[PDB]
Amino acid sequence: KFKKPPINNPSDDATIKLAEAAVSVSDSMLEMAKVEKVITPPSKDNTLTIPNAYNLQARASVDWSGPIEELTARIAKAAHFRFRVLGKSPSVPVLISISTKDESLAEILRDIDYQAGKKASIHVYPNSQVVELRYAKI
Amino acid sequence: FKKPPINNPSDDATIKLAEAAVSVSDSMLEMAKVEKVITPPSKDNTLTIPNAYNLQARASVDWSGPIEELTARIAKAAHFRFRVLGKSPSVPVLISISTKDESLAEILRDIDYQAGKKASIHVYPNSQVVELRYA
Amino acid sequence: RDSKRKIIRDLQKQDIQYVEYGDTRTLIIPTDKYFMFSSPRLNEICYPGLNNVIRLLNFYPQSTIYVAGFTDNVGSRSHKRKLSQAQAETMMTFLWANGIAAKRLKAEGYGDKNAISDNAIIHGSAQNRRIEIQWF
Amino acid sequence: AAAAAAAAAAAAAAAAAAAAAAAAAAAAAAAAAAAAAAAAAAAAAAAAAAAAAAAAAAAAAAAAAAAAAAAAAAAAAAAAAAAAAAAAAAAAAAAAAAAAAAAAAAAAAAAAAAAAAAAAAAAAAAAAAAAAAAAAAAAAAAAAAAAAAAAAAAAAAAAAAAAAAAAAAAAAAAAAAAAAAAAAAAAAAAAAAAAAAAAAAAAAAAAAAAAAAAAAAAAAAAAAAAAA
Amino acid sequence: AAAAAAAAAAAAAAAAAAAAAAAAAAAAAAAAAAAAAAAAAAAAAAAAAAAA
Amino acid sequence: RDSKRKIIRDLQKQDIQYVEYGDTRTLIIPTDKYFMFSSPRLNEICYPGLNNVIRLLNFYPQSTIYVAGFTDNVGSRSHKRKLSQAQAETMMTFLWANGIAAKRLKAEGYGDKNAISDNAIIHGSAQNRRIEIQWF
Amino acid sequence: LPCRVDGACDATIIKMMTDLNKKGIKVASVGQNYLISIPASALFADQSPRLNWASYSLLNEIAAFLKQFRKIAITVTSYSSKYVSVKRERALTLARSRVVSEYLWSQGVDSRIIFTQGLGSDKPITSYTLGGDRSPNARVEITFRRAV
Amino acid sequence: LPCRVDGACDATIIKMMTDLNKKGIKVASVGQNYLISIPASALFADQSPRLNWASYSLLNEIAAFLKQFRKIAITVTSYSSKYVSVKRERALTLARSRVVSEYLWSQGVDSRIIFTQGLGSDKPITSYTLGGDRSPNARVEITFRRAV
């Protein structure tokens, strides 16, 4: 009896050609991130403007696709941080879509800050207990 | 006894689609790490909370319009003097705050934020004066 | 029924390859069914493959153990290397924690740099995602 | 039977008898001082091949390199060793100061062993039922087999760690690149998140990664390190 | 109360237990700090940690 | 037929919730059927719920009693607070006048600041209008 | 056509709710806040962040009960009795809750967030402090609000 | 019409693969890397670059097995145990592999390249070094990758 090891499920040609498009999308994506992070070096984190805290070291697990307001209000509510916004929200929504797995609330807000690039920013003030969300000035 | 996950990539093409999804989503996050211009809170330029007891009153305001009338009215709601330094342009600096209960110094914080650099707010709490500067 | 031919016949049944090769003996374990997805968490539902592979290598109690991890073409080369290294390293800790002495073992991760199939096709890249276990 | 002098004795494989209260400070080059009682030595020496053994009431303070250390009943050392150490104890207490390279340490009794600097390559520590080892600078491959009802506390920043606790032991580890943990009815506390971590727990066994929440920047568990 | 090494910017520290790394380019050899067991050698000039 | 399981079974029948929770025991009483409307006048026709709740808390004669009142989103925040405070306060006087000693009791009114459902839907706001009775 | 039932029935909701209360997993149902309270004896080993193998069946009707509701954020929080220290205890309960939420989003929830955290007996439901995981204080609780 | 089978069937592939493993020519099948390993007793005379006449039947189901796959480059490499020197040995194994690849492209391969080379026991699969061509180290190996 002869057998190769991975005997998976039957896939169909829909996901076969979706997968072999998706890998070249991912390939072009990673080389663009390569050229971009070498053409301007990222000097700075966002861990100084979102610093971690005790009772921000709880963990969360998120899939989400809506606007940033309800998500950051829910993170701050379960962080026991009071939540505010600075700046009015734009008429087009700043839409994030977080789908990540078992990371702490401080890195949740750091990735929310990153995915709302130049449209919003999350700031956390941890000697106070406030998560704020600042909109852009445009 | 266990189960595998329900939407699990247990399938030889859907595994490749999903690890492509992991590679595109992390590489999007380092694109965000390189383009995300921040400024540190050492040099953030925005107002503090000036921690006086009259400023930690809980207020509520629904408004869009020109900055000097709100901060005049937050000064007389806070029992503070309102000074203005500089010249208002005849296109007015326009704000909007619609909040239904919140804190009064934080008002003065997101007026300073929604002003940006068209105007700015200082609070001197020993003098019990707020002031609005133009540029 | 407790012997070599029995346990290799049911590792054929729960789809792990074995090769006899002179002194070199190598198990090829698919990461896709023996790991939860893109993680160094072992696929805990597939414990009888893990008990049967450690039941197989009680039979060779003096051989040094090479364990190596493999990916396919997706991701950055750093992600390939650290994911293959993490999966090989946690299979190495599984064998150490199921009772092989730690200086027999060697965990090493290749970001598909040996590449037993091409990554251009689906089933071939599924064969590329693996753990090799060599010993003498 | 005292011997307290600063000279060049320099050739003494001295297996002394009881009440040999030798507080010598002599230049003992080819030295092996296997005293049997009452040693109260506070020297500034240089040995470089010392296979020292010490029985009861041995308080010492030395700046000499050793090669092996043996403890018998009860002691209090403060030594500055340099090169290699084969150490074994019995119900005693010991402290060492300078940069050592302890390859193997087997403690089968109540041993309060401390080393303020251990810069080794493969430190294999086997523990049995009573001891308390606290050795912390920097290893490169730690193998902590606590077969023990005992404790192995560490802030030793090891590059690779392999800690197995067998029956209500308690081990505090810190792994830089590789964390390997097996616990059985016991506790293994991970004080630093490794670059790749793997921990397996047996019956009633706790491999709890007890790092201090609210660090200055506590690094989160990434995609290569998120184990359950 | 540290103990530096002669190589490129390594230093042990014996407040409780540390083996951290400096930079050795700004040369903050103050030999006076508040060393803690949370990877923080807070010197007179700046702060140093176990580098990675 | 005179006991705990009987009286909790008919408080289920006249639609008052009870929760067993460790030492904390809490009755949830709807103000909509146990008060006449938007008033601190008790719904006098629904006396057997009131006798049955006081018959239940004769069983715990040393516990301190927290009583708290709840509204929904309508009205001013002052009206929310004073109406919830008035209804909790008169349920506190009902328990005091049916014979619990006054330093066991604590009346406090929340203008839906705990909010066990959303006020955006009808049946959910009906569940929000309540009195909680906690004791230890 | 639009769907009448959303993959769930109310008879099955109360059937699982009676069966979970018969096996001692207490389901509180306040408003739309749902609480299922699980003793840590009924899932883990004592003072360990490790599941028993039989307790994933208990997690099976926990997850199949959590199929039935439209929900936005489940929060899962764990706390036990004192064993060594509160720091070791909070590390235990954080690992405890994150392990059970890792299995719950391995299984089927239609939640968008699971928040997950652990506390150091900071909220204990009885003053009687018998032991380790056999204490009724030693428990995980899964609370959510059923959306619309 | 386009062809379904390309002059080959999978039943015949595994039929030859069982028959070659029964006659001791061991077929390893890793990914699409195929290895057939042939002991040098089973083809040649001892320490010689010369085929026996009966061993072309062994080469017949080797070549009819190599009919069945789409392949780009077969590499055939031979090595035996030590006889005089490594220089005489490498001349032997180079002549050995080039003789068997001359017969294999006399026969039917659809390969585009056969690379062919010999080594001087530089890669031996056991440490047990009994003799000459009766050693299991003394072997030729035919490795390729099956294209698509």
# chains A, B, ... in the order shown; residues from 1 in each chain; ligands from 1

call {"tool": "residues_around", "arguments": {"residues": "region 38-46 of chain F", "least_positions_apart": "2", "cutoff": "12 Å", "atoms": "only C-alpha atoms", "output": "ChimeraX atom specification"}}
result
/F:11,14-16,29-36,48-53,69-72,74-75,79-80,82-94,129,131

call {"tool": "write_last_selection", "arguments": {"atoms": "C-alpha atoms", "output": "PDB file, in the first residue's frame"}}
result
ATOM      1  CA  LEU F  11     -43.335  33.497  41.928  1.00  0.00           C
ATOM      2  CA  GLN F  14     -46.925  35.450  39.111  1.00  0.00           C
ATOM      3  CA  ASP F  15     -43.889  36.416  36.941  1.00  0.00           C
ATOM      4  CA  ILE F  16     -41.222  37.680  39.323  1.00  0.00           C
ATOM      5  CA  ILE F  29     -39.808  42.579  40.223  1.00  0.00           C
ATOM      6  CA  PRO F  30     -41.457  44.292  37.234  1.00  0.00           C
ATOM      7  CA  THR F  31     -42.580  47.801  38.107  1.00  0.00           C
ATOM      8  CA  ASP F  32     -45.041  47.705  35.224  1.00  0.00           C
ATOM      9  CA  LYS F  33     -47.264  45.135  36.927  1.00  0.00           C
ATOM     10  CA  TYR F  34     -46.249  45.758  40.548  1.00  0.00           C
ATOM     11  CA  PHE F  35     -46.705  49.516  40.486  1.00  0.00           C
ATOM     12  CA  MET F  36     -49.483  51.734  39.334  1.00  0.00           C
ATOM     13  CA  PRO F  48     -50.024  38.052  46.406  1.00  0.00           C
ATOM     14  CA  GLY F  49     -46.719  38.769  44.714  1.00  0.00           C
ATOM     15  CA  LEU F  50     -45.954  41.186  47.538  1.00  0.00           C
ATOM     16  CA  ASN F  51     -46.999  38.760  50.275  1.00  0.00           C
ATOM     17  CA  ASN F  52     -45.087  35.999  48.528  1.00  0.00           C
ATOM     18  CA  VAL F  53     -41.888  38.015  48.225  1.00  0.00           C
ATOM     19  CA  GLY F  69     -34.978  50.834  41.390  1.00  0.00           C
ATOM     20  CA  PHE F  70     -34.712  50.998  37.624  1.00  0.00           C
ATOM     21  CA  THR F  71     -36.313  52.882  34.734  1.00  0.00           C
ATOM     22  CA  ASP F  72     -35.738  53.117  30.992  1.00  0.00           C
ATOM     23  CA  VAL F  74     -37.668  58.134  28.711  1.00  0.00           C
ATOM     24  CA  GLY F  75     -37.796  61.421  30.586  1.00  0.00           C
ATOM     25  CA  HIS F  79     -37.067  62.128  36.388  1.00  0.00           C
ATOM     26  CA  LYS F  80     -35.371  58.735  35.866  1.00  0.00           C
ATOM     27  CA  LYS F  82     -36.331  60.370  41.276  1.00  0.00           C
ATOM     28  CA  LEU F  83     -38.866  57.896  39.888  1.00  0.00           C
ATOM     29  CA  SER F  84     -36.531  54.918  40.351  1.00  0.00           C
ATOM     30  CA  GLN F  85     -35.550  56.246  43.787  1.00  0.00           C
ATOM     31  CA  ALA F  86     -39.192  56.710  44.770  1.00  0.00           C
ATOM     32  CA  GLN F  87     -40.213  53.211  43.668  1.00  0.00           C
ATOM     33  CA  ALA F  88     -37.212  51.552  45.332  1.00  0.00           C
ATOM     34  CA  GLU F  89     -37.812  53.634  48.428  1.00  0.00           C
ATOM     35  CA  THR F  90     -41.446  52.662  48.710  1.00  0.00           C
ATOM     36  CA  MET F  91     -40.628  48.992  48.164  1.00  0.00           C
ATOM     37  CA  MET F  92     -38.104  49.424  50.978  1.00  0.00           C
ATOM     38  CA  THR F  93     -40.856  50.860  53.177  1.00  0.00           C
ATOM     39  CA  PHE F  94     -43.082  47.963  52.185  1.00  0.00           C
ATOM     40  CA  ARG F 129     -38.199  48.627  34.087  1.00  0.00           C
ATOM     41  CA  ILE F 131     -36.756  46.535  41.015  1.00  0.00           C
TER      42      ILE F 131
END

call {"tool": "calpha_fit_and_write", "arguments": {"fixed": "chain G", "moving": "chain H", "output": "CSV table (one decimal) with C-alpha atoms, in the first residue's frame"}}
result
chain,number,residue,atom,x,y,z
H,1,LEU,CA,-37.3,33.9,0.6
H,2,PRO,CA,-36.1,35.4,3.9
H,3,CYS,CA,-35.5,32.9,6.7
H,4,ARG,CA,-37.9,32.4,9.6
H,5,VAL,CA,-35.5,30.7,12.0
H,6,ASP,CA,-31.9,31.7,12.1
H,7,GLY,CA,-30.5,28.2,12.5
H,8,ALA,CA,-32.0,27.9,16.0
H,9,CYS,CA,-35.2,27.2,17.8
H,10,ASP,CA,-36.6,28.3,21.1
H,11,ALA,CA,-37.5,24.8,22.1
H,12,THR,CA,-33.9,23.8,21.7
H,13,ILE,CA,-32.8,26.9,23.6
H,14,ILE,CA,-34.8,25.9,26.7
H,15,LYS,CA,-33.9,22.2,26.1
H,16,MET,CA,-30.2,23.0,26.4
H,17,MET,CA,-30.9,25.4,29.2
H,18,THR,CA,-32.7,22.7,31.3
H,19,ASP,CA,-29.9,20.2,30.4
H,20,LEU,CA,-27.1,22.6,31.4
H,21,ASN,CA,-28.9,23.4,34.7
H,22,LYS,CA,-29.3,19.6,35.3
H,23,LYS,CA,-25.6,19.1,34.8
H,24,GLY,CA,-24.9,22.0,37.1
H,25,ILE,CA,-23.8,24.6,34.7
H,26,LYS,CA,-26.1,27.3,35.9
H,27,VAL,CA,-27.7,29.5,33.3
H,28,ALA,CA,-28.9,32.8,34.5
H,29,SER,CA,-31.2,34.7,32.1
H,30,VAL,CA,-31.7,38.3,33.1
H,31,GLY,CA,-33.2,40.6,30.5
H,32,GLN,CA,-31.0,39.8,27.5
H,33,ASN,CA,-27.9,39.4,29.6
H,34,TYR,CA,-27.1,35.7,29.6
H,35,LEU,CA,-24.8,34.1,32.1
H,36,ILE,CA,-23.6,30.6,32.1
H,37,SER,CA,-21.5,29.8,35.1
H,38,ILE,CA,-19.2,26.8,35.0
H,39,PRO,CA,-17.4,25.4,38.0
H,40,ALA,CA,-13.7,24.9,37.4
H,41,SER,CA,-14.0,21.3,38.7
H,42,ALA,CA,-16.3,20.6,35.8
H,43,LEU,CA,-13.7,21.7,33.3
H,44,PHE,CA,-10.1,21.7,34.3
H,45,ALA,CA,-7.7,20.0,36.6
H,46,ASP,CA,-6.9,21.7,39.9
H,47,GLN,CA,-4.8,24.9,39.8
H,48,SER,CA,-3.9,24.2,36.2
H,49,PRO,CA,-4.6,26.0,32.9
H,50,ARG,CA,-5.3,22.7,31.2
H,51,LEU,CA,-8.6,21.1,30.0
H,52,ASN,CA,-9.6,17.5,30.8
H,53,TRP,CA,-10.5,15.6,27.7
H,54,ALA,CA,-14.0,14.8,28.8
H,55,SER,CA,-14.8,18.4,29.5
H,56,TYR,CA,-14.9,19.3,25.8
H,57,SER,CA,-18.3,17.6,25.7
H,58,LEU,CA,-19.4,20.1,28.3
H,59,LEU,CA,-17.9,22.8,26.0
H,60,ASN,CA,-19.9,21.1,23.2
H,61,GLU,CA,-23.3,22.0,24.5
H,62,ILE,CA,-21.8,25.3,25.8
H,63,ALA,CA,-20.9,26.1,22.2
H,64,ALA,CA,-24.1,24.6,20.7
H,65,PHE,CA,-26.0,26.8,23.2
H,66,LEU,CA,-24.0,29.7,22.0
H,67,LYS,CA,-25.0,28.9,18.4
H,68,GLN,CA,-28.6,29.8,19.2
H,69,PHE,CA,-28.3,33.6,19.9
H,70,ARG,CA,-27.3,36.6,17.9
H,71,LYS,CA,-24.6,38.2,19.9
H,72,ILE,CA,-22.0,40.9,19.6
H,73,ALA,CA,-19.4,40.4,22.4
H,74,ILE,CA,-19.1,37.4,24.6
H,75,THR,CA,-16.9,38.1,27.6
H,76,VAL,CA,-15.4,35.1,29.3
H,77,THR,CA,-13.8,35.6,32.7
H,78,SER,CA,-12.4,33.2,35.1
H,79,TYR,CA,-11.4,33.3,38.8
H,80,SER,CA,-10.5,30.7,41.3
H,81,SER,CA,-9.6,30.5,45.0
H,82,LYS,CA,-6.2,31.4,46.4
H,83,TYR,CA,-3.3,29.0,45.8
H,84,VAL,CA,0.0,30.7,46.0
H,85,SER,CA,-0.3,34.4,45.4
H,86,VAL,CA,-2.7,36.8,43.6
H,87,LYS,CA,-0.1,37.2,40.8
H,88,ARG,CA,0.2,33.5,40.2
H,89,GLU,CA,-3.6,33.3,40.5
H,90,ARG,CA,-4.2,36.0,37.9
H,91,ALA,CA,-1.8,34.4,35.5
H,92,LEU,CA,-3.7,31.2,36.1
H,93,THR,CA,-7.1,32.7,35.5
H,94,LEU,CA,-6.0,34.7,32.4
H,95,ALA,CA,-4.5,31.5,30.9
H,96,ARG,CA,-7.7,29.7,32.0
H,97,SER,CA,-10.1,32.0,30.3
H,98,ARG,CA,-7.9,32.5,27.2
H,99,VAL,CA,-7.8,28.7,26.7
H,100,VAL,CA,-11.6,28.3,27.0
H,101,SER,CA,-12.1,31.2,24.6
H,102,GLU,CA,-9.6,29.7,22.1
H,103,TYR,CA,-11.7,26.6,22.1
H,104,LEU,CA,-14.9,28.6,21.9
H,105,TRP,CA,-13.8,30.3,18.7
H,106,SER,CA,-12.4,27.1,17.5
H,107,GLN,CA,-16.0,26.1,17.9
H,108,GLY,CA,-19.0,28.0,16.7
H,109,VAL,CA,-19.8,31.3,18.1
H,110,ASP,CA,-21.3,34.0,15.9
H,111,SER,CA,-19.9,36.6,18.3
H,112,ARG,CA,-17.8,39.4,16.9
H,113,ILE,CA,-15.7,39.8,20.0
H,114,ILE,CA,-14.9,37.4,22.7
H,115,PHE,CA,-13.3,39.4,25.5
H,116,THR,CA,-11.5,37.2,27.9
H,117,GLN,CA,-9.9,37.8,31.2
H,118,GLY,CA,-9.2,36.4,34.6
H,119,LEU,CA,-9.3,37.8,38.2
H,120,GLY,CA,-7.7,36.9,41.5
H,121,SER,CA,-10.7,35.9,43.6
H,122,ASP,CA,-11.6,39.5,43.5
H,123,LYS,CA,-15.3,38.8,43.0
H,124,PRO,CA,-16.2,35.7,45.0
H,125,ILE,CA,-19.8,34.5,45.1
H,126,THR,CA,-19.6,32.9,48.5
H,127,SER,CA,-17.6,33.5,51.7
H,128,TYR,CA,-17.0,29.8,52.1
H,129,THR,CA,-13.5,29.0,50.9
H,130,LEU,CA,-13.2,25.2,51.1
H,131,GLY,CA,-10.3,24.5,48.8
H,132,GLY,CA,-8.9,24.8,45.4
H,133,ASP,CA,-11.0,24.1,42.2
H,134,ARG,CA,-13.7,22.3,44.2
H,135,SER,CA,-14.7,25.6,45.6
H,136,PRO,CA,-17.9,27.0,44.1
H,137,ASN,CA,-16.0,30.3,43.9
H,138,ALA,CA,-13.6,28.6,41.5
H,139,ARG,CA,-15.4,29.2,38.3
H,140,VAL,CA,-15.5,30.6,34.8
H,141,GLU,CA,-18.4,32.7,33.7
H,142,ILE,CA,-19.5,33.3,30.1
H,143,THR,CA,-21.7,36.4,29.9
H,144,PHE,CA,-23.1,38.1,26.9
H,145,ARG,CA,-26.1,40.1,25.8
H,146,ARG,CA,-28.4,38.7,23.1
H,147,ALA,CA,-28.6,41.2,20.3
H,148,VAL,CA,-32.3,42.0,19.2

call {"tool": "residues_around", "arguments": {"residues": "residue 18 (chain F)", "least_positions_apart": "6", "cutoff": "7 Å", "atoms": "only C-alpha atoms", "output": "ChimeraX atom specification"}}
result
/F:26-28

call {"tool": "atom_distance", "arguments": {"atom1": "CA of residue 125 (chain D)", "atom2": "CA of residue 106 (chain D)"}}
result
5.9 Å

call {"tool": "residues_around", "arguments": {"residues": "region 5-21 of chain E", "least_positions_apart": "3", "cutoff": "12 Å", "atoms": "only C-alpha atoms", "output": "VMD selection string"}}
result
(chain D and resid 97 to 99 114 to 119 134 to 139 153 to 158 174 176) or (chain E and resid 1 to 2 24 to 29 31 to 42 47 to 52)

call {"tool": "atom_distance", "arguments": {"atom1": "CA of residue 47 (chain D)", "atom2": "CA of residue 122 (chain D)"}}
result
24.1 Å

call {"tool": "interface_residues", "arguments": {"of": "chain A", "to": "chain D", "cutoff": "8 Å", "atoms": "only C-alpha atoms", "output": "PyMOL selection string"}}
result
chain A and resi 47+51-54+57+102-104+107

call {"tool": "write_last_selection", "arguments": {"atoms": "C-alpha atoms", "output": "short mmCIF file (atom, residue, chain, number, x, y, z; two decimals), in the first residue's frame"}}
result
data_model
loop_
_atom_site.label_atom_id
_atom_site.label_comp_id
_atom_site.auth_asym_id
_atom_site.auth_seq_id
_atom_site.Cartn_x
_atom_site.Cartn_y
_atom_site.Cartn_z
CA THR A 47 3.47 51.75 21.69
CA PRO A 51 1.16 52.19 26.23
CA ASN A 52 0.04 49.08 27.98
CA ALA A 53 -1.61 48.87 31.35
CA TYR A 54 -2.74 46.55 34.01
CA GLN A 57 -3.61 43.23 29.78
CA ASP A 102 -5.99 36.07 21.08
CA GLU A 103 -4.07 39.23 21.49
CA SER A 104 -4.34 41.66 24.33
CA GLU A 107 -2.25 45.43 20.72
#

call {"tool": "select_by_dssp", "arguments": {"residues": "chain G", "states": "strand (DSSP E)", "output": "JSON, numbers by chain"}}
result
{"G": [26, 27, 28, 29, 30, 33, 34, 35, 36, 37, 38, 39, 73, 74, 75, 76, 77, 78, 79, 113, 114, 115, 116, 117, 118, 119, 139, 140, 141, 142, 143, 144, 145]}

call {"tool": "residues_around", "arguments": {"residues": "region 54-59 of chain B", "least_positions_apart": "5", "cutoff": "10 Å", "atoms": "only C-alpha atoms", "output": "count of residues only"}}
result
20

call {"tool": "select_by_dssp", "arguments": {"residues": "chain C", "states": "helix (DSSP H, G or I)", "output": "number ranges by chain"}}
result
C: 4-13, 31-34, 44-56, 77-97, 122-128

call {"tool": "write_last_selection", "arguments": {"atoms": "C-alpha atoms", "output": "PDB file, in the first residue's frame"}}
result
ATOM      1  CA  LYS C   4       6.684  -2.575  13.728  1.00  0.00           C
ATOM      2  CA  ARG C   5       4.599  -3.793  10.776  1.00  0.00           C
ATOM      3  CA  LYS C   6       1.366  -3.114  12.670  1.00  0.00           C
ATOM      4  CA  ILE C   7       2.317   0.426  13.667  1.00  0.00           C
ATOM      5  CA  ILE C   8       3.663   1.399  10.229  1.00  0.00           C
ATOM      6  CA  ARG C   9       0.517  -0.073   8.633  1.00  0.00           C
ATOM      7  CA  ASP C  10      -1.703   2.103  10.739  1.00  0.00           C
ATOM      8  CA  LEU C  11       0.519   5.165  10.232  1.00  0.00           C
ATOM      9  CA  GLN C  12      -0.274   4.523   6.593  1.00  0.00           C
ATOM     10  CA  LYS C  13      -3.913   4.453   7.771  1.00  0.00           C
ATOM     11  CA  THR C  31       1.448  19.932   9.303  1.00  0.00           C
ATOM     12  CA  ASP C  32      -1.950  20.574   7.745  1.00  0.00           C
ATOM     13  CA  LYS C  33      -3.609  17.757   9.682  1.00  0.00           C
ATOM     14  CA  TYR C  34      -1.168  17.504  12.600  1.00  0.00           C
ATOM     15  CA  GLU C  44      -4.848  17.875  19.627  1.00  0.00           C
ATOM     16  CA  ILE C  45      -7.680  15.868  18.049  1.00  0.00           C
ATOM     17  CA  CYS C  46      -5.041  13.982  16.049  1.00  0.00           C
ATOM     18  CA  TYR C  47      -3.381  12.487  19.111  1.00  0.00           C
ATOM     19  CA  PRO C  48      -3.217   8.792  17.876  1.00  0.00           C
ATOM     20  CA  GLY C  49      -0.798   9.770  15.139  1.00  0.00           C
ATOM     21  CA  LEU C  50       1.321  11.453  17.800  1.00  0.00           C
ATOM     22  CA  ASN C  51       1.161   8.503  20.195  1.00  0.00           C
ATOM     23  CA  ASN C  52       1.863   6.153  17.312  1.00  0.00           C
ATOM     24  CA  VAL C  53       4.899   8.081  16.104  1.00  0.00           C
ATOM     25  CA  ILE C  54       6.328   8.179  19.646  1.00  0.00           C
ATOM     26  CA  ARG C  55       5.430   4.466  20.024  1.00  0.00           C
ATOM     27  CA  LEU C  56       7.422   3.907  16.867  1.00  0.00           C
ATOM     28  CA  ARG C  77      10.934  34.425   4.154  1.00  0.00           C
ATOM     29  CA  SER C  78      11.089  35.407   7.820  1.00  0.00           C
ATOM     30  CA  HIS C  79       7.539  34.089   8.269  1.00  0.00           C
ATOM     31  CA  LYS C  80       8.455  30.850   6.441  1.00  0.00           C
ATOM     32  CA  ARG C  81      11.541  30.398   8.625  1.00  0.00           C
ATOM     33  CA  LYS C  82       9.938  31.241  11.966  1.00  0.00           C
ATOM     34  CA  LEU C  83       6.776  29.231  11.305  1.00  0.00           C
ATOM     35  CA  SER C  84       8.717  26.152  10.167  1.00  0.00           C
ATOM     36  CA  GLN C  85      11.139  26.631  13.070  1.00  0.00           C
ATOM     37  CA  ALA C  86       8.277  26.974  15.547  1.00  0.00           C
ATOM     38  CA  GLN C  87       6.479  23.854  14.312  1.00  0.00           C
ATOM     39  CA  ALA C  88       9.666  21.763  14.223  1.00  0.00           C
ATOM     40  CA  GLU C  89      10.608  23.104  17.628  1.00  0.00           C
ATOM     41  CA  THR C  90       7.298  22.209  19.198  1.00  0.00           C
ATOM     42  CA  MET C  91       7.372  18.737  17.659  1.00  0.00           C
ATOM     43  CA  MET C  92      10.840  18.435  19.196  1.00  0.00           C
ATOM     44  CA  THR C  93       9.391  19.419  22.572  1.00  0.00           C
ATOM     45  CA  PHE C  94       6.616  16.898  22.053  1.00  0.00           C
ATOM     46  CA  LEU C  95       9.152  14.112  21.625  1.00  0.00           C
ATOM     47  CA  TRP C  96      11.205  15.450  24.547  1.00  0.00           C
ATOM     48  CA  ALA C  97       8.101  15.657  26.723  1.00  0.00           C
ATOM     49  CA  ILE C 122      -2.128  22.924  -4.834  1.00  0.00           C
ATOM     50  CA  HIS C 123      -1.615  19.262  -3.970  1.00  0.00           C
ATOM     51  CA  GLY C 124       2.126  19.606  -4.446  1.00  0.00           C
ATOM     52  CA  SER C 125       2.315  22.473  -1.984  1.00  0.00           C
ATOM     53  CA  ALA C 126       0.168  20.425   0.390  1.00  0.00           C
ATOM     54  CA  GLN C 127       2.883  17.790   0.148  1.00  0.00           C
ATOM     55  CA  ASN C 128       5.497  20.500   0.741  1.00  0.00           C
TER      56      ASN C 128
END

call {"tool": "interface_residues", "arguments": {"of": "chain B", "to": "chain C", "cutoff": "12 Å", "atoms": "only C-alpha atoms", "output": "PyMOL selection string"}}
result
chain B and resi 1-5+7-28+30

call {"tool": "residues_around", "arguments": {"residues": "residue 67 (chain F)", "least_positions_apart": "6", "cutoff": "6 Å", "atoms": "only C-alpha atoms", "output": "MDAnalysis selection string"}}
result
chainID F and resid 106:107 132:133

call {"tool": "atom_distance", "arguments": {"atom1": "CA of residue 90 (chain A)", "atom2": "CA of residue 70 (chain A)"}}
result
14.9 Å

call {"tool": "residues_around", "arguments": {"residues": "residue 111 (chain B)", "least_positions_apart": "2", "cutoff": "9 Å", "atoms": "only C-alpha atoms", "output": "ChimeraX atom specification"}}
result
/A:86-87 /B:67,70-71,95-97,106-109,113-116,120-121
